[PDB]
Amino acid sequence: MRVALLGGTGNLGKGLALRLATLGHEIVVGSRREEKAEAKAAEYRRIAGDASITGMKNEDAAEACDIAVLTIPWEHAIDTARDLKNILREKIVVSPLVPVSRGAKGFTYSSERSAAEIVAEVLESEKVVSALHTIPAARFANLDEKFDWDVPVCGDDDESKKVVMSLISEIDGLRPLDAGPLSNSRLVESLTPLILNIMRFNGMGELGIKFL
């Protein structure tokens, strides 16, 4: 399928672009600046080898795709989603957004409502799927890295969720697990600050999670 990675010029965007493009999916890296998206798309094609990855401004990337992933810091992702609502309302939108803050006593979940539900509200869409919150970007983007991670996925539209889970499942080392309706997104997003605390208090590097 055609997958747009909005703000795909960054940390999580690189890993998704590399992993999905090598599986043959057509990737569009979106950026606030066309030249930056083009530059990153070129860098990603070079690393991946055989790959269809094109760069364009976010608005054009959103228009071109079937599925859009918001790989943007959450507070800004909400504004970008608002900007693009007439385009994105009709597409599958994946939210990997995590409202997390740091503090003297550790990392905390920083919102009273889940980021994914906030996005669904801004877009006035029933096709928001929440996923990818527990995939550490650096390890994910390292094509030499080996991992075995589970990816909880939430959402209210059965078809949209099925498409996203199927896509995630194609990536070797990832296993998507249905966590229910979008109202469970807070439980999924909360996994990230928990993981960051485990890393902090046990002196461990980047971690994902597995249910077993």
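Sequential numbering from 1, following the sequence displayed.
The stretch 48-56 shows the higher mean C-alpha B-factor when 48-56 is compared against 65-73 in the entry. Remark: stretch with higher mean C-alpha B factor among 143-151 and 171-179 is 143-151. Of the candidates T9, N197, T22, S190, the PDB record gives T22 the highest C-alpha temperature factor. In the deposited coordinates, the residue among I87, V100, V93, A116 with the greatest CA B-factor is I87. The PDB entry assigns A17 a C-alpha temperature factor belonging to the middle third of its chain's modelled residues.
For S125, the recorded CA temperature factor ranks within the highest third of the chain's modelled residues. When the modelled residues of the chain are ordered by their C-alpha B factor, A137 lands in the middle third.
Ranked within its chain, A4 lands in the lowest third, by CA B factor from the PDB record. Ranked against the other modelled residues of its chain, the C-alpha B-factor of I78 as given in the entry falls in the lowest third.
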